[PDB]
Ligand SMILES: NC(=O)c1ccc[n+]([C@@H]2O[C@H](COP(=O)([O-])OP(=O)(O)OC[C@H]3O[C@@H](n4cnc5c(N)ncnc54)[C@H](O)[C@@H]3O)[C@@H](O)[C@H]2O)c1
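Before any questions on binding or motion, here is one chain by itself as structure tokens, the form solved without nicotinamide-adenine-dinucleotide (NAD).
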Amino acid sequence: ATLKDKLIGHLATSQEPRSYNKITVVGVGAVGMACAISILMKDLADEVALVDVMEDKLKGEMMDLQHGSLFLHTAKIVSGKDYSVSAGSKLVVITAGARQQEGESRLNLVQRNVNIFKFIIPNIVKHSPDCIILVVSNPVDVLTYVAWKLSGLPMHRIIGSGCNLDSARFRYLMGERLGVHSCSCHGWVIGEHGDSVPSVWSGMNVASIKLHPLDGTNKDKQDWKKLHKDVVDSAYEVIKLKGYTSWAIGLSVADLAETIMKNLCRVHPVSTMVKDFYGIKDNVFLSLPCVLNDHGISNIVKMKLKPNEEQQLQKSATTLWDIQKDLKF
């Protein structure tokens, strides 16, 4: 004598409710909502759980998203302040962090994040024993290490956003300059995400044709080098203009989630453990071209760098290991 009872019947047999391609997003900031609507519009997960400390914002973010249910293909969207809401995720994207202050040292900024992360990550793993973690949070190479360390996960289930977006930018900028789509242009920015990102000049090509062999070359002087500077700059440009970044980043991450979720074995410049790779001896994460599948990092693509390059590589590893003087102040 309920509408529901009058209109929906039952087979004699049934099985407890279920989610198998669950994904969780931590942080409902600009990066987090951006990451979350790109996964949803991509139909990568049969469940998306949203987790932040900001009650109100979380709930409202959650609702905005549910109201659009009709337009999507993800059955269940949820949000929680509590981590148990994330219980049973395939993949976790972390986008929560502090942003670096007036007179803040990279050491002190990294410490602040360690103390937030101590509360996030341990709870993630306990609710999600079989998850893979994807760290977007900047500084990414150090926050990746931290996440690694705080969780207790096999190193292959710990991935850093790293240098994917930067490469996506480089490829864009080649493309504009060359007149071909960004996806026909191929170049790789690897190493330590940011100012200290190495641009593999010698891997740049179109159709299989090496720019380097054609332009007479190029690395040292006659405007092309520029292409790397506003890859890193044009990024501050954005902020100076809009007051934050979200869109390209979110998309970048759905790109990663599709590979992983669809078990593709697609090659991405992501932040990995590069220990005893290119003469690096300690526990440092930086970008290298990795194959990804559903269990995280399946393999590494061994570039053949110049010394010039691997030298630079090593200077990041040192500089990062140095910071790794963490656990308090």
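We call the rigid core the largest set of C-alpha positions that still match within 1.5 Å between the two forms. Each residue number is its position in the shown sequence, starting from 1.
The discussion below concerns the form deposited with nicotinamide-adenine-dinucleotide (NAD) bound, not included here.
This chain lacks the partner; the member of 87, 185, 120, 110 within 4.5 angstroms of nicotinamide-adenine-dinucleotide (NAD) in the bound PDB entry by a non-hydrogen atom is 120. Here is the short version: of 165, 159, 147, 91, the single residue with a heavy atom within 4.5 Å of nicotinamide-adenine-dinucleotide (NAD) in the bound PDB entry is 165. The stretch in contact with nicotinamide-adenine-dinucleotide (NAD) in the bound PDB entry, judged by heavy atoms within 4.5 Å, is 238-246, chosen from 177-185, 238-246, 147-155, 216-224. Remark: none of the three candidate residues (23, 126 and 132) comes within 4.5 Å of nicotinamide-adenine-dinucleotide (NAD) in the bound PDB entry, counting heavy atoms only. In the bound PDB entry, residue 229 stays away from nicotinamide-adenine-dinucleotide (NAD), with no heavy atom inside 4.5 Å.
In the bound PDB entry, nicotinamide-adenine-dinucleotide (NAD) sits beyond 4.5 Å of every heavy atom of residue 201. Among residues of the shown chain, residue 138 is one whose heavy atoms approach nicotinamide-adenine-dinucleotide (NAD) to within 4.5 Å in the bound PDB entry. Although the partner is absent here, residue 289 lies well away from nicotinamide-adenine-dinucleotide (NAD) in the bound PDB entry, with no heavy atom inside 4.5 Å. Counting a residue when any of its non-hydrogen atoms is within 4.5 Å of nicotinamide-adenine-dinucleotide (NAD) in the bound PDB entry, the hits in 60-98 run 83, 95, 96, 97, 98.
With the core fitted between the shown form and the other one, just one of 107, 238, 180, 75 shows a Cα displacement of at least 2 Å, namely 107. Comparing the forms between the shown form and the other one on their rigid core, the Cα displacement of residue 316 reaches 2 Å or more. Positional change of residue 98 between the shown form and the other one reaches 2 Å or more at the C-alpha, relative to the superposed core.
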